[PDB]
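So the structure is just underneath, and the comments pick up after that.
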Amino acid sequence: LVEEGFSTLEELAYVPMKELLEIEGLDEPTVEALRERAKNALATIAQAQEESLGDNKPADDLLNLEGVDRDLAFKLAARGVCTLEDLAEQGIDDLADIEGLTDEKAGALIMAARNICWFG
Amino acid sequence: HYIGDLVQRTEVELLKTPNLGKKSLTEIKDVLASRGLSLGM
């Protein structure tokens with residue numbers, strides 16, 4: 001694949017099927033499987049980074065609790081609190097070290113998360 | 001401070017307290033039940 005000029009997962013995911021079928025030893029089923037794997041790899045990479053910080057996964061799940069700014073969602077996700085369920089399971093004591101989160105604001109966010117997850 | 005104070009609080013009130021998770025609420029219920037007590041008396 002690298003000798004045929006492919007350097008990125010994006011090229012393999014999006015390049016016209018004809019160029020991948022010009023490679024010696026690739027059949028239409030193997031090219032389709034390679035593209036599906038490349039798209040799934042691209043999807044997984046994006047989701048992983050979005051859950052690690054606050055790009056999309058924690059910027060929607062962890063940020064569901066009213067009051068969560070994007071910065072706080074990334075601070076929560078850096079502690080492994082990636083979802084609104086993960087936040088509903090926390091104590092105030094587990095979040096007390098997050099810069100900009102007061103015990104009252106932590107308690108309000110955990111209660112908002114519990115109201116949505118357990119009482120919605 | 002006392003078991004009599006705890007027994008008067010409802011489950012919904014205890015879930016509003018700071019640093020009070022679903023796991024700690026289940027522990028409190030299981031322990032009160034072992035003594036024949038229930039929350040909200």
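By convention here, the chains of the structure tokens are called A, B, ... in the order presented, each chain's residues are numbered starting at 1, and ligands are numbered starting at 1 in the order presented.
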Quick one: which chain A residues come within 12 Å of chain B, and what is the nearest atom pair for each with the distance in Å to one decimal, counting only C-alpha atoms, rows ordered by chain and ascending number, as a tab-separated table?
residue	atom	partner	partner_atom	distance
A:85	CA	B:22	CA	11.4
A:86	CA	B:21	CA	11.2
A:87	CA	B:21	CA	10.1
A:88	CA	B:21	CA	7.8
A:89	CA	B:21	CA	5.9
A:90	CA	B:21	CA	6.2
A:91	CA	B:19	CA	3.8
A:92	CA	B:19	CA	3.9
A:93	CA	B:19	CA	5.4
A:94	CA	B:19	CA	7.7
A:95	CA	B:19	CA	9.0
A:96	CA	B:19	CA	9.5
A:102	CA	B:18	CA	11.1
A:103	CA	B:18	CA	7.4
A:104	CA	B:18	CA	7.8
A:105	CA	B:18	CA	10.1
A:106	CA	B:18	CA	8.3
A:107	CA	B:18	CA	5.6
A:108	CA	B:16	CA	8.5
A:109	CA	B:16	CA	10.9
A:110	CA	B:16	CA	9.0
A:111	CA	B:16	CA	6.6
A:112	CA	B:16	CA	10.1
A:113	CA	B:21	CA	11.8
A:114	CA	B:15	CA	8.9
A:115	CA	B:15	CA	10.3
A:117	CA	B:22	CA	11.9
A:118	CA	B:22	CA	10.0
A:119	CA	B:12	CA	11.0
Export of the given selection (N, CA, C and O atoms) as an mmCIF file, in the first residue's frame:
data_model
loop_
_atom_site.group_PDB
_atom_site.id
_atom_site.type_symbol
_atom_site.label_atom_id
_atom_site.label_comp_id
_atom_site.auth_asym_id
_atom_site.auth_seq_id
_atom_site.Cartn_x
_atom_site.Cartn_y
_atom_site.Cartn_z
ATOM 1 N N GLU A 85 -23.698 9.551 32.594
ATOM 2 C CA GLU A 85 -23.765 8.462 33.585
ATOM 3 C C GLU A 85 -22.541 8.456 34.510
ATOM 4 O O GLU A 85 -22.713 8.406 35.728
ATOM 5 N N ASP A 86 -21.329 8.603 33.964
ATOM 6 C CA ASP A 86 -20.111 8.652 34.781
ATOM 7 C C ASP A 86 -20.174 9.799 35.800
ATOM 8 O O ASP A 86 -19.749 9.625 36.944
ATOM 9 N N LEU A 87 -20.724 10.959 35.402
ATOM 10 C CA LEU A 87 -20.903 12.116 36.280
ATOM 11 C C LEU A 87 -21.981 11.865 37.347
ATOM 12 O O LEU A 87 -21.813 12.268 38.498
ATOM 13 N N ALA A 88 -23.068 11.176 36.993
ATOM 14 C CA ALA A 88 -24.132 10.813 37.932
ATOM 15 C C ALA A 88 -23.641 9.847 39.031
ATOM 16 O O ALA A 88 -24.162 9.866 40.155
ATOM 17 N N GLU A 89 -22.629 9.030 38.740
ATOM 18 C CA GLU A 89 -22.019 8.104 39.697
ATOM 19 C C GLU A 89 -20.996 8.753 40.643
ATOM 20 O O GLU A 89 -20.723 8.184 41.699
ATOM 21 N N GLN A 90 -20.494 9.958 40.341
ATOM 22 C CA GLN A 90 -19.505 10.630 41.193
ATOM 23 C C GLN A 90 -20.086 11.141 42.521
ATOM 24 O O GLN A 90 -21.273 11.490 42.643
ATOM 25 N N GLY A 91 -19.227 11.224 43.533
ATOM 26 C CA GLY A 91 -19.422 12.052 44.720
ATOM 27 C C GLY A 91 -18.848 13.461 44.536
ATOM 28 O O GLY A 91 -18.021 13.704 43.663
ATOM 29 N N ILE A 92 -19.262 14.401 45.394
ATOM 30 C CA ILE A 92 -18.672 15.756 45.435
ATOM 31 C C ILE A 92 -17.162 15.659 45.722
ATOM 32 O O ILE A 92 -16.368 16.323 45.068
ATOM 33 N N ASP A 93 -16.779 14.747 46.624
ATOM 34 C CA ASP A 93 -15.385 14.501 47.009
ATOM 35 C C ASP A 93 -14.504 14.049 45.824
ATOM 36 O O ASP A 93 -13.317 14.370 45.792
ATOM 37 N N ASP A 94 -15.068 13.340 44.838
ATOM 38 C CA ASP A 94 -14.310 12.836 43.678
ATOM 39 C C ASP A 94 -13.953 13.959 42.680
ATOM 40 O O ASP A 94 -12.983 13.855 41.914
ATOM 41 N N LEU A 95 -14.718 15.057 42.712
ATOM 42 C CA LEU A 95 -14.591 16.208 41.817
ATOM 43 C C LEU A 95 -13.974 17.451 42.481
ATOM 44 O O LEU A 95 -13.710 18.429 41.782
ATOM 45 N N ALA A 96 -13.722 17.418 43.794
ATOM 46 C CA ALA A 96 -13.296 18.578 44.585
ATOM 47 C C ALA A 96 -11.970 19.215 44.120
ATOM 48 O O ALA A 96 -11.727 20.397 44.340
ATOM 49 N N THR A 102 -16.570 24.489 42.380
ATOM 50 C CA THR A 102 -16.883 24.551 43.818
ATOM 51 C C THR A 102 -17.738 23.354 44.233
ATOM 52 O O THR A 102 -18.503 22.845 43.416
ATOM 53 N N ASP A 103 -17.694 22.952 45.506
ATOM 54 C CA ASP A 103 -18.518 21.852 46.047
ATOM 55 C C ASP A 103 -20.014 22.015 45.729
ATOM 56 O O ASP A 103 -20.707 21.056 45.386
ATOM 57 N N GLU A 104 -20.523 23.251 45.786
ATOM 58 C CA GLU A 104 -21.912 23.573 45.443
ATOM 59 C C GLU A 104 -22.203 23.340 43.954
ATOM 60 O O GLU A 104 -23.235 22.764 43.603
ATOM 61 N N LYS A 105 -21.283 23.763 43.080
ATOM 62 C CA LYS A 105 -21.415 23.614 41.632
ATOM 63 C C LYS A 105 -21.258 22.144 41.222
ATOM 64 O O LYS A 105 -22.052 21.661 40.419
ATOM 65 N N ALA A 106 -20.322 21.415 41.835
ATOM 66 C CA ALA A 106 -20.176 19.964 41.697
ATOM 67 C C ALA A 106 -21.469 19.242 42.102
ATOM 68 O O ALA A 106 -22.003 18.444 41.336
ATOM 69 N N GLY A 107 -22.020 19.573 43.277
ATOM 70 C CA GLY A 107 -23.270 18.999 43.762
ATOM 71 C C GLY A 107 -24.453 19.268 42.830
ATOM 72 O O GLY A 107 -25.238 18.358 42.556
ATOM 73 N N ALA A 108 -24.564 20.486 42.292
ATOM 74 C CA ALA A 108 -25.603 20.845 41.335
ATOM 75 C C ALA A 108 -25.492 20.051 40.023
ATOM 76 O O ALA A 108 -26.496 19.525 39.547
ATOM 77 N N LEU A 109 -24.280 19.910 39.476
ATOM 78 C CA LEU A 109 -24.032 19.166 38.239
ATOM 79 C C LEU A 109 -24.293 17.665 38.404
ATOM 80 O O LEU A 109 -24.971 17.076 37.567
ATOM 81 N N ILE A 110 -23.841 17.056 39.506
ATOM 82 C CA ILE A 110 -24.116 15.642 39.812
ATOM 83 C C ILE A 110 -25.624 15.413 39.941
ATOM 84 O O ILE A 110 -26.158 14.434 39.416
ATOM 85 N N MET A 111 -26.347 16.315 40.613
ATOM 86 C CA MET A 111 -27.802 16.208 40.747
ATOM 87 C C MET A 111 -28.531 16.393 39.413
ATOM 88 O O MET A 111 -29.492 15.676 39.145
ATOM 89 N N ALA A 112 -28.073 17.317 38.563
ATOM 90 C CA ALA A 112 -28.609 17.492 37.219
ATOM 91 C C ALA A 112 -28.381 16.231 36.368
ATOM 92 O O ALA A 112 -29.321 15.738 35.741
ATOM 93 N N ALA A 113 -27.177 15.648 36.431
ATOM 94 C CA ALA A 113 -26.848 14.404 35.745
ATOM 95 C C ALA A 113 -27.723 13.234 36.232
ATOM 96 O O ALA A 113 -28.339 12.535 35.429
ATOM 97 N N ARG A 114 -27.885 13.075 37.553
ATOM 98 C CA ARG A 114 -28.778 12.061 38.148
ATOM 99 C C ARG A 114 -30.237 12.251 37.752
ATOM 100 O O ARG A 114 -30.912 11.265 37.477
ATOM 101 N N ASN A 115 -30.727 13.486 37.711
ATOM 102 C CA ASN A 115 -32.097 13.776 37.284
ATOM 103 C C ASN A 115 -32.360 13.321 35.848
ATOM 104 O O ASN A 115 -33.432 12.791 35.575
ATOM 105 N N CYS A 117 -30.281 10.951 34.007
ATOM 106 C CA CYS A 117 -29.983 9.516 33.878
ATOM 107 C C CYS A 117 -30.950 8.606 34.638
ATOM 108 O O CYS A 117 -31.282 7.525 34.160
ATOM 109 N N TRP A 118 -31.342 8.977 35.860
ATOM 110 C CA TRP A 118 -32.067 8.074 36.764
ATOM 111 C C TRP A 118 -33.554 8.405 36.889
ATOM 112 O O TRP A 118 -34.322 7.551 37.329
ATOM 113 N N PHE A 119 -33.957 9.622 36.521
ATOM 114 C CA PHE A 119 -35.334 10.099 36.675
ATOM 115 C C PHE A 119 -35.944 10.657 35.374
ATOM 116 O O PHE A 119 -37.086 11.109 35.406
#
- Message: For residue A:35, find every residue with an atom within 9 Å (counting only C-alpha atoms), except residues of its own chain fewer than 6 positions away, and show them as an MDAnalysis selection string.
- Response: chainID A and resid 9 12:14
- Considering only C-alpha atoms, return as a ChimeraX atom specification whatever protein or nucleic-acid residues lie within 10 Å of residue B:7, sequence-local ones (same chain, fewer than 4 positions apart) excluded. /B:2-3,11,29,32,37-41
- Write out as a list in words the residues lying within 10 Å of stretch 30-32 of chain A, counting only C-alpha atoms and excluding same-chain residues fewer than 2 positions away. residues 12, 13, 17, 18, 20, 21, 23, 25, 26, 27, 28, 34, 35, 36, 37 and 38 of chain A
Restricting the output to N, CA and C atoms, write the selected residues as a PDB file, in the first residue's frame.
ATOM      1  N   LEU A  12      -6.897   5.911   1.907  1.00  0.00           N
ATOM      2  CA  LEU A  12      -7.495   4.579   1.786  1.00  0.00           C
ATOM      3  C   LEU A  12      -9.020   4.590   1.956  1.00  0.00           C
ATOM      4  N   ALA A  13      -9.570   5.457   2.809  1.00  0.00           N
ATOM      5  CA  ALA A  13     -11.010   5.534   3.054  1.00  0.00           C
ATOM      6  C   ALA A  13     -11.788   6.200   1.908  1.00  0.00           C
ATOM      7  N   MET A  17     -12.467   3.854  -5.928  1.00  0.00           N
ATOM      8  CA  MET A  17     -12.250   2.390  -5.917  1.00  0.00           C
ATOM      9  C   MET A  17     -11.389   1.884  -7.083  1.00  0.00           C
ATOM     10  N   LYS A  18     -11.400   2.587  -8.222  1.00  0.00           N
ATOM     11  CA  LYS A  18     -10.605   2.210  -9.391  1.00  0.00           C
ATOM     12  C   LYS A  18      -9.101   2.239  -9.114  1.00  0.00           C
ATOM     13  N   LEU A  20      -7.535   1.863  -6.120  1.00  0.00           N
ATOM     14  CA  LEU A  20      -7.253   0.720  -5.245  1.00  0.00           C
ATOM     15  C   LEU A  20      -7.317  -0.631  -5.976  1.00  0.00           C
ATOM     16  N   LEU A  21      -8.174  -0.757  -6.992  1.00  0.00           N
ATOM     17  CA  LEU A  21      -8.289  -1.963  -7.820  1.00  0.00           C
ATOM     18  C   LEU A  21      -7.167  -2.106  -8.860  1.00  0.00           C
ATOM     19  N   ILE A  23      -4.000  -1.821  -7.969  1.00  0.00           N
ATOM     20  CA  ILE A  23      -2.959  -2.476  -7.171  1.00  0.00           C
ATOM     21  C   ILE A  23      -3.006  -3.994  -7.383  1.00  0.00           C
ATOM     22  N   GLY A  25      -3.103  -7.702  -6.793  1.00  0.00           N
ATOM     23  CA  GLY A  25      -3.522  -8.577  -5.691  1.00  0.00           C
ATOM     24  C   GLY A  25      -4.749  -8.096  -4.917  1.00  0.00           C
ATOM     25  N   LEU A  26      -5.263  -6.894  -5.199  1.00  0.00           N
ATOM     26  CA  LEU A  26      -6.518  -6.402  -4.639  1.00  0.00           C
ATOM     27  C   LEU A  26      -7.718  -6.770  -5.522  1.00  0.00           C
ATOM     28  N   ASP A  27      -8.693  -7.471  -4.940  1.00  0.00           N
ATOM     29  CA  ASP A  27     -10.004  -7.695  -5.549  1.00  0.00           C
ATOM     30  C   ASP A  27     -11.065  -6.763  -4.943  1.00  0.00           C
ATOM     31  N   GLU A  28     -12.198  -6.613  -5.633  1.00  0.00           N
ATOM     32  CA  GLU A  28     -13.297  -5.734  -5.210  1.00  0.00           C
ATOM     33  C   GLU A  28     -13.769  -6.008  -3.763  1.00  0.00           C
ATOM     34  N   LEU A  34     -11.084  -3.236   3.070  1.00  0.00           N
ATOM     35  CA  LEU A  34     -10.023  -2.293   3.425  1.00  0.00           C
ATOM     36  C   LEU A  34     -10.595  -0.893   3.676  1.00  0.00           C
ATOM     37  N   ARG A  35     -11.496  -0.416   2.806  1.00  0.00           N
ATOM     38  CA  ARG A  35     -12.183   0.874   2.975  1.00  0.00           C
ATOM     39  C   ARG A  35     -13.065   0.903   4.213  1.00  0.00           C
ATOM     40  N   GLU A  36     -13.796  -0.173   4.484  1.00  0.00           N
ATOM     41  CA  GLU A  36     -14.636  -0.268   5.674  1.00  0.00           C
ATOM     42  C   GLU A  36     -13.780  -0.231   6.945  1.00  0.00           C
ATOM     43  N   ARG A  37     -12.659  -0.961   6.963  1.00  0.00           N
ATOM     44  CA  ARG A  37     -11.688  -0.916   8.067  1.00  0.00           C
ATOM     45  C   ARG A  37     -11.068   0.466   8.228  1.00  0.00           C
ATOM     46  N   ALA A  38     -10.664   1.123   7.143  1.00  0.00           N
ATOM     47  CA  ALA A  38     -10.124   2.479   7.188  1.00  0.00           C
ATOM     48  C   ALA A  38     -11.149   3.476   7.748  1.00  0.00           C
TER      49      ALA A  38
END
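One finds atom CA of residue A:74 at 4.6 Å from atom CA of residue A:53.
Taking atom CA of residue A:67 and atom CA of residue A:51 as the two end points, the separation is 18.7 Å.
A straight line drawn from atom CA of residue A:79 to atom CA of residue A:99 is 12.3 Å long.
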- Message: Using DSSP assignments from the backbone, pull out every residue in chain B that falls under alpha helix (DSSP H) and give it to me as a ChimeraX atom specification.
- Response: /B:3-8,11-14,22-34
Export of the given selection (N, CA and C atoms) as a PDB file, in the first residue's frame:
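Result file again_29.pdb:
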ATOM      1  N   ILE B   3     -29.155   8.062  64.578  1.00  0.00           N
ATOM      2  CA  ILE B   3     -29.936   7.153  63.727  1.00  0.00           C
ATOM      3  C   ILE B   3     -31.373   7.684  63.556  1.00  0.00           C
ATOM      4  N   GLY B   4     -31.960   8.283  64.596  1.00  0.00           N
ATOM      5  CA  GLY B   4     -33.288   8.905  64.514  1.00  0.00           C
ATOM      6  C   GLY B   4     -33.382  10.076  63.529  1.00  0.00           C
ATOM      7  N   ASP B   5     -32.290  10.818  63.304  1.00  0.00           N
ATOM      8  CA  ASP B   5     -32.235  11.885  62.295  1.00  0.00           C
ATOM      9  C   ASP B   5     -32.199  11.296  60.877  1.00  0.00           C
ATOM     10  N   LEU B   6     -31.413  10.230  60.697  1.00  0.00           N
ATOM     11  CA  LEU B   6     -31.237   9.554  59.414  1.00  0.00           C
ATOM     12  C   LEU B   6     -32.543   8.918  58.926  1.00  0.00           C
ATOM     13  N   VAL B   7     -33.276   8.273  59.833  1.00  0.00           N
ATOM     14  CA  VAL B   7     -34.525   7.558  59.545  1.00  0.00           C
ATOM     15  C   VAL B   7     -35.653   8.499  59.109  1.00  0.00           C
ATOM     16  N   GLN B   8     -35.626   9.774  59.506  1.00  0.00           N
ATOM     17  CA  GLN B   8     -36.613  10.769  59.084  1.00  0.00           C
ATOM     18  C   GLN B   8     -36.390  11.305  57.669  1.00  0.00           C
ATOM     19  N   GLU B  11     -35.210   9.150  50.820  1.00  0.00           N
ATOM     20  CA  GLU B  11     -34.171   8.767  49.852  1.00  0.00           C
ATOM     21  C   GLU B  11     -33.836   9.889  48.856  1.00  0.00           C
ATOM     22  N   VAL B  12     -34.852  10.675  48.488  1.00  0.00           N
ATOM     23  CA  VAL B  12     -34.737  11.800  47.555  1.00  0.00           C
ATOM     24  C   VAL B  12     -33.969  12.957  48.191  1.00  0.00           C
ATOM     25  N   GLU B  13     -34.097  13.154  49.504  1.00  0.00           N
ATOM     26  CA  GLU B  13     -33.341  14.166  50.246  1.00  0.00           C
ATOM     27  C   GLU B  13     -31.878  13.767  50.394  1.00  0.00           C
ATOM     28  N   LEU B  14     -31.599  12.505  50.738  1.00  0.00           N
ATOM     29  CA  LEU B  14     -30.224  12.011  50.858  1.00  0.00           C
ATOM     30  C   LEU B  14     -29.459  12.093  49.529  1.00  0.00           C
ATOM     31  N   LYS B  22     -25.107   6.904  44.435  1.00  0.00           N
ATOM     32  CA  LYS B  22     -26.065   5.782  44.453  1.00  0.00           C
ATOM     33  C   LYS B  22     -25.557   4.578  45.258  1.00  0.00           C
ATOM     34  N   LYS B  23     -24.249   4.282  45.202  1.00  0.00           N
ATOM     35  CA  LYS B  23     -23.629   3.181  45.963  1.00  0.00           C
ATOM     36  C   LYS B  23     -23.716   3.391  47.480  1.00  0.00           C
ATOM     37  N   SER B  24     -23.367   4.589  47.965  1.00  0.00           N
ATOM     38  CA  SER B  24     -23.472   4.935  49.394  1.00  0.00           C
ATOM     39  C   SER B  24     -24.921   4.939  49.882  1.00  0.00           C
ATOM     40  N   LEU B  25     -25.882   5.333  49.036  1.00  0.00           N
ATOM     41  CA  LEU B  25     -27.302   5.245  49.389  1.00  0.00           C
ATOM     42  C   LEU B  25     -27.757   3.787  49.557  1.00  0.00           C
ATOM     43  N   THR B  26     -27.338   2.886  48.665  1.00  0.00           N
ATOM     44  CA  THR B  26     -27.641   1.453  48.787  1.00  0.00           C
ATOM     45  C   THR B  26     -27.026   0.867  50.058  1.00  0.00           C
ATOM     46  N   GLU B  27     -25.771   1.208  50.380  1.00  0.00           N
ATOM     47  CA  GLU B  27     -25.135   0.809  51.647  1.00  0.00           C
ATOM     48  C   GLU B  27     -25.956   1.248  52.872  1.00  0.00           C
ATOM     49  N   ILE B  28     -26.402   2.511  52.912  1.00  0.00           N
ATOM     50  CA  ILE B  28     -27.213   3.035  54.022  1.00  0.00           C
ATOM     51  C   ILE B  28     -28.529   2.257  54.154  1.00  0.00           C
ATOM     52  N   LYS B  29     -29.205   1.951  53.040  1.00  0.00           N
ATOM     53  CA  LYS B  29     -30.447   1.166  53.065  1.00  0.00           C
ATOM     54  C   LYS B  29     -30.228  -0.252  53.574  1.00  0.00           C
ATOM     55  N   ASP B  30     -29.183  -0.921  53.103  1.00  0.00           N
ATOM     56  CA  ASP B  30     -28.893  -2.304  53.484  1.00  0.00           C
ATOM     57  C   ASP B  30     -28.580  -2.399  54.984  1.00  0.00           C
ATOM     58  N   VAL B  31     -27.820  -1.432  55.504  1.00  0.00           N
ATOM     59  CA  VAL B  31     -27.486  -1.342  56.929  1.00  0.00           C
ATOM     60  C   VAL B  31     -28.713  -1.006  57.782  1.00  0.00           C
ATOM     61  N   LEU B  32     -29.548  -0.046  57.377  1.00  0.00           N
ATOM     62  CA  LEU B  32     -30.792   0.265  58.091  1.00  0.00           C
ATOM     63  C   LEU B  32     -31.751  -0.931  58.089  1.00  0.00           C
ATOM     64  N   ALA B  33     -31.888  -1.617  56.952  1.00  0.00           N
ATOM     65  CA  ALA B  33     -32.709  -2.815  56.823  1.00  0.00           C
ATOM     66  C   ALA B  33     -32.220  -3.956  57.728  1.00  0.00           C
ATOM     67  N   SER B  34     -30.899  -4.119  57.897  1.00  0.00           N
ATOM     68  CA  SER B  34     -30.332  -5.108  58.830  1.00  0.00           C
ATOM     69  C   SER B  34     -30.721  -4.863  60.296  1.00  0.00           C
TER      70      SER B  34
END
